[PDB]
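Topology and contacts: notes
Read off the chains here:
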There are 2 protein chains.
Amino acid sequence: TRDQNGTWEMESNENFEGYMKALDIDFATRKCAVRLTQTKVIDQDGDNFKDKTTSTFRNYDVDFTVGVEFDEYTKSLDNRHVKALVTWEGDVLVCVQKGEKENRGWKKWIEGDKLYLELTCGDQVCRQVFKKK
Amino acid sequence: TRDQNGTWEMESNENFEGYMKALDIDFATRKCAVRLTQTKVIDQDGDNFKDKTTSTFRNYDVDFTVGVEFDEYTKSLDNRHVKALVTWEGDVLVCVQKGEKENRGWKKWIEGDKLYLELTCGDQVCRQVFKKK
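Analysis parameters
Residues numbered from 1 in each chain as written, not as in the entry; some residues may be left out. Chains lettered and ligands numbered in written order. Heavy atoms only, no water. Residues with missing side-chain atoms left out of burial classes, pairs and counts. Pairing = 2+ DSSP bridges. Helix = DSSP H or I, 4+ residues; strand = E, 2+ residues; numbered from the N terminus. Least-squares fit on C-alpha atoms. Contact = heavy atoms within 4.5 Å. Nonpolar A, V, L, I, M, F, W, Y, C, P; charged D, E, K, R; others polar. Buried < 20%, exposed > 50% of the residue type's maximum accessible area, 1.4 Å probe, protein only.

Per the deposition metadata, X-ray crystallography was the technique used to determine this entry, at a resolution of 3.20 Å.

Below, the structure written as structure tokens:
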């Protein structure tokens, strides 16, 4: 069949490491790209194609309610276990994760068209910045 | 404002390595995710949240026409230059990337419910297998 439209998620990929070697990718990048999942989207018009591949590492879905404390299994990070309590401080969404590490929490808020996420653990502060899309 | 719905693409992310270090993520995993771009999708209903994150290492768009030759800048792989010519051999979509390396091309073909990808550079063959969705 020549009809290749649709979304195809990779399920097996072999000798990717070698194909990347003969292309002269550095070793650091190689031992990463083999951890990403790939997803192909092909749009076909007889013989006119528009296909976009995407290598996606891991992803977390957390669905909760503010004021409630709930169970967060930080799979895709360190699979640690915390008690997460979320509260508002003005317009800023603040969570603290009561558990193994101290100062494990985050802050998220909207300022114009960029969403600000601060991630803090220990004496480390991570600053994440997102523009809408 | 407390309204955080929408799709957020990260544009700057700093001290991610430090935040992850204090989480004791291993050095190999750390030196990876600092390459990932991150995309957040927030679903809000008053005080009830549904957040889904993603992390994207690299992404490629190649849009062409069979029989026609075009220039492919292999971003997301080695950011090299090839002239790519795509042709059918039956139900097998065949490309050759004439450029620096020998045998640089690929084969794509469908067998029912799965898409098969064969990737070759030089003497190395990568075989990828995808299921529809």
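1. Here we look at the pairing of strand β10 (residues 124-131) of chain B
Across a regular strand the side chains alternate sides, sitting on one face of the sheet and then on the other. Strand direction decides the pairing type here: strand β1 (residues 6-14) of chain A and β10 of chain B, joined by five bridges, are antiparallel. Note that in β10 of chain B the partner of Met10 of chain A across the bridge is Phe130 of chain B. The pairing of strand β9 (residues 114-121) of chain B with β10 of chain B spans eight bridges and is classified as antiparallel. Its bridge partner lying in β10 of chain B, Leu119 of chain B is registered against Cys126 of chain B. In sequence, β9 of chain B turns back onto β10 of chain B through a hairpin of two residues, with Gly122 of chain B there showing a positive phi of about 60 degrees.

2. Concerning the relation of the copies chain A and chain B
Between the two copies, chain A and chain B, the superposition gives an RMSD of 0.9 Å; the rotation angle is 178 degrees and the shift along the axis is 0.0 Å. This pairing of chains is accounted for by a two-fold axis. The rotation axis passes nearest to the C-alpha of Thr56 of chain A in chain A, at a distance of 2.6 Å. The overlap is high: 99% of the interface residues of chain A also sit at the interface in chain B, so the same surface is used on both sides.

3. Focus: the environment of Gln97 of chain A
Residues and elements named next belong to chain A. Relative to the elements of secondary structure, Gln97 occurs in strand β8 (residues 92-99). With 75 residues separating them along the chain, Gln97 and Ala22 place their C-alpha atoms 46 Å apart. Setting aside residues up to four positions removed in sequence, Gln97 forms contacts with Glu72, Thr74, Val82, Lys83, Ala84, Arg104, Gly105 and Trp106.

4. Examining the interface of chain A and chain B
Taken residue by residue, the interface counts 80 residues in chain A and 80 residues in chain B. Classifying every residue of the side of chain A that touches chain B gives 31 nonpolar, 22 polar and 27 charged. In terms of strand pairing, strand β11 (residues 124-132) of chain A meets strand β1 (residues 6-14) of chain B through six bridges, oriented antiparallel. Bridging from a neighbouring strand, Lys131 of chain A pairs with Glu9 of chain B of β1 of chain B.

5. Some details on unusual backbone geometry
Positive phi, normally seen in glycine, also occurs at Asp24 of chain A, with a value near 70 degrees. Note that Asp24 of chain A resides in the loop between α1 (16-22) and α2 (27-33). We classify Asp24 of chain A as exposed; its relative accessible area is 52%. The phi torsion at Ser55 of chain B lies on the positive side, around 70 degrees, for a residue other than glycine. Looking at the secondary structure, you find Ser55 of chain B in the loop between β3 (48-52) and β4 (56-65).

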